[PDB]
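We give structure tokens for two forms of one protein chain below, kept apart as structure 1 and structure 2.
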Structure 1
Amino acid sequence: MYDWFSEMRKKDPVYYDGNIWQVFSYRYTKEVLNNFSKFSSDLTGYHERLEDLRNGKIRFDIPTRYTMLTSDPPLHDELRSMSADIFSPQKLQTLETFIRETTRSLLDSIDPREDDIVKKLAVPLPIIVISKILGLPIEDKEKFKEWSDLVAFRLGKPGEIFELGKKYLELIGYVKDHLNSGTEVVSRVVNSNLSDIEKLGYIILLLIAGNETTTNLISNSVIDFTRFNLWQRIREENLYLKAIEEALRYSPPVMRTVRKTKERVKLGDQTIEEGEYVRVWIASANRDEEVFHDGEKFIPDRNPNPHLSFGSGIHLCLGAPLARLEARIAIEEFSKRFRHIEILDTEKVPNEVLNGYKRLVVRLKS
């Protein structure tokens, strides 16, 4: 739908279609994403229940409604600072050796004759790495796989309530059982003024926030380098870092994100009222020609590359450096093992927000 995007960016960068507002240009989406005083992330009524939550008035509730993701400062900033260092420079750099062997190990499990990279590499890598970060038994890998579907970017769909209940029951249970059998991060959360529901939420967020998204990054990366025949150039010129940033821009794992108007506001020429939902098209902004020259083309050594795939502002993705660090090592290690890659079959994930693949069958030449 990138062609429509380009038409909207030129005619109605800030457009209203009846029920919701939609922003298509880099300029305005960055604005919406950065300006929290006017465009809020309090979509689950977290701020309205913070007292009854920290007072005990509220006993049970879906924990995912109360995380740094659905909050505005100061609350947002209080929550984020508890773990804002676990995904740091020196910090993650120490997970490097672990990430390499892990992918190296996963690579060993592939059958070049024919195989699915999504299932054998793209799916497991992030899960195994986050389990290690959180201190959870890598043996419950499969469980984490199914709960990953609960990620916040995914909207509803008919007759799915029973399955979700089953997932939530087990998810919440699993997390309760391991609250004191965790790392420094979980410890910090467990020993905060936060409520029980909030602590559960926190852990679940850190747990499933980057599984499906990072998996999509790796898959999209393989598809793009392959279809544009960039593998040799990338190994030869060593463009992994930049090439991954271009993949993030061209094939964004999260196509859009939402905000709610905290009050009346004027975005560009439009005056969005108070309480209206504003859809921010990340995929569109990323092809903005004013900002990105030759944006429709995949330029592997683009630089700089100020894309908005990890968002912008105070909510800029907490695990971005991890995500980057993970994709880069997988791609490096992948490009070293197989000599040529043949794309045999593909099944795209059927979601409007999450952009990625369900299956990716390839024949590799060692």
Structure 2
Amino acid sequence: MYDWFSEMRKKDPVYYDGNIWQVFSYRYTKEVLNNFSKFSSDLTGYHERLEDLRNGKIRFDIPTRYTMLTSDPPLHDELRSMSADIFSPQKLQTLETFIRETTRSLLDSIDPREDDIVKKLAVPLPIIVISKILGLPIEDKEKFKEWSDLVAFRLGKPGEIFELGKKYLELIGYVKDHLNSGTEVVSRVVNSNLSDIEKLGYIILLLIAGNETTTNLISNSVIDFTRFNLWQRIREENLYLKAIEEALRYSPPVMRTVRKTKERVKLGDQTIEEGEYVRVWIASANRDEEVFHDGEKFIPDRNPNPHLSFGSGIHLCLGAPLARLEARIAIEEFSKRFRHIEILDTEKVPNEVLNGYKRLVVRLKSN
């Protein structure tokens, strides 16, 4: 991947293959993400469908097509304003003790002789925390893991990031069943003037959409710290903050995102017609030598680090404060708890957009 990224950054940072456009450089990736009025996120016809969702002309549709992720202002801003305070660093910091205690309890379960830390640590932690945050109970741990795994790039369905089918219908039933038992942010959504379809979409987005990405950050951090032999230096030079930021830059859990042009636009030397998909490679931008000195090197105290792994602009990841907090606490506690790590076996996430591990089997020496 990354050698190809370098080639495109050098010869062809803005590339048309006869179907869609792909962007590989930092400057044009950032330009795309921030220019919401020319590069639209409404890939599912949310704006076009809004009135008939709300007046009930549209009776049946896929709830997760219609969330803030696939909308433009003002609809986007109005949606996000209902939960933006909950996910701010100021408000999340209350949760620090709960997350730290949950982490150490997950660490307890680890057989240091041989264990899968994706299965023991990285997968359960985001699910437990978001369930706490939303007041939506984990009734079946296995169902919640399966629901979290529904998240995927979906070829030919732009904007759609959920695998559908029987599992998805079960998720919907679950949310309907616990609508009225949630915390205050859930109540905001439920009591709003959104259509039922939008309400379901919104709740599912918050409950499920962030689990695997956060799991992937934790897994990728463990891999990166181990492979480049940084555990001691990070521990002793207290580099947790900047090291996790560098893991974000170097091993982005979300490799790319996409936009659709609202009008003819110019991006660098190229002219993109209206109604074109523009895929923006976060992973490649994150190594742009014009922005990051020695971009191919993992530097645990890297500074500055304006990486695009949470995006940029108005859609800048709502969960970024939360993901940073969980990851930092997970790594800190893990680092405090174990002296030595050997990677015994790995299985990557196999598909296009998500970058992380299905299995991470390690041998550890505890203190």
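When a residue number appears, read it as a position in the sequence of structure 1, where counting begins at 1. What we label the rigid core is the largest C-alpha set whose atoms superpose within 1.5 Å from one form to the other.
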Listed options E289, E114, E163, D108; Cα moving by 2 angstroms or more between the two structures (core superposition): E163
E236 C-alpha shift between the two structures of 2 Å or more, rigid core reference: no
Core fit, then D140 C-alpha moves 2 Å or more between the two structures: yes
C-alpha of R154 moved at least 2 Å between the two structures on rigid core: yes
Rigid core fit between the two structures: Cα deviation of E352 in angstrom: 1.1
Between the two structures, C-alpha offset at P89 (rigid core aligned, Å): 2.4
